[PDB]
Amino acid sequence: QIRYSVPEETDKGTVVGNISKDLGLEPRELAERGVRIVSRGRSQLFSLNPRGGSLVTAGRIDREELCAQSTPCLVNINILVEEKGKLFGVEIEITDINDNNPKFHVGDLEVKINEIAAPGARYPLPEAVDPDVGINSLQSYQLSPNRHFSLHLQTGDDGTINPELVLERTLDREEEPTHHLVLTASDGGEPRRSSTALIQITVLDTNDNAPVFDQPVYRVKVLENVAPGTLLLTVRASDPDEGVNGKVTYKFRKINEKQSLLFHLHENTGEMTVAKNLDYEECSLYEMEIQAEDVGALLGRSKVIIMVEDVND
């Protein structure tokens, strides 16, 4: 019939309730009337103090290991007055305290997101478990300020929380490849508890940058009697894409139908040099079309105007 209560994580010899008064006895008589505890299970976590006629704690008491998720933490014990032959039921409540903040299961999480991803996409975030329940349980999720994302606290009829990261501004690894965000799980206590997990956004690459030359039109003036193999020009095209998507290949547009090449444009480094003596060819003005190509078959087109200056006259 009796109901007591006691805070958790308390010490040994801590009062639970004035049992001598509710038992119809007197303090000194507690040892005299031969009343003891019938220790069945968790009832062993308590002991009787016959000196002051009280029920006291005799071991470590923590709701997390005893009750945890259950809203009421109750321990029902049976106390027997033998001489009177009377039995009594004692229900004991346990107060939850804040000694267990919301802790994540991972200290970090990497989210691989491609640039091509349009706003509206969503990627799951870690969750922190709260051993304590109530106000001393997980209360909020805070996300460090960014420009491309937003913390969506999803909640269904299930009851629990689902923190998902929503993209609302397109990413671009050609500008910024990685991002570092902070996921703070907070708890309402005194002071407010909290833990944090790291969120690394790894922006994967897509081939969206087409090759683009340094100049629409390349211009060079060289004497006809210049030695073959002379470095006329160093052609270059830009492609900020990652690795294979950034590999640029330079070549003449009409390279396939040509017979004897007058100039050699290197496939990789794009170095344009003299192949044959320009004097014998007797050409005074060249206007050649060149192109640059990546593995995505994206083209860049440019021109090169070679003015050949005659010597002997």
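Start at 1 and count along the sequence shown; that's the residue number.
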Look up the CA B-factors in the entry and say which stretch, 271-279 or 34-42, has the higher mean. 34-42
Do the C-alpha atoms of 227-235 or of 193-201 have the higher average B factor in the entry? 193-201
Quick one: which of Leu181, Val106, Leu80, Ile116 shows the highest Cα temperature factor in the PDB entry? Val106
Take the CA temperature factors straight from the PDB entry and tell me which of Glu164, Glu175, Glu242, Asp132 peaks. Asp132
Chain-relative C-alpha B factor for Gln142 (record values, thirds): the middle
If you rank the chain by CA B-factor, which third does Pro124 end up in: lowest, middle or highest? middle
Chain-wide C-alpha B factor ranking for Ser150, given as lowest, middle or highest third: middle
Lowest, middle or highest third - CA B-factor, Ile305: lowest
Looking at the temperature factor on the CA atom of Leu23, which third of the chain's modelled residues does it land in? middle
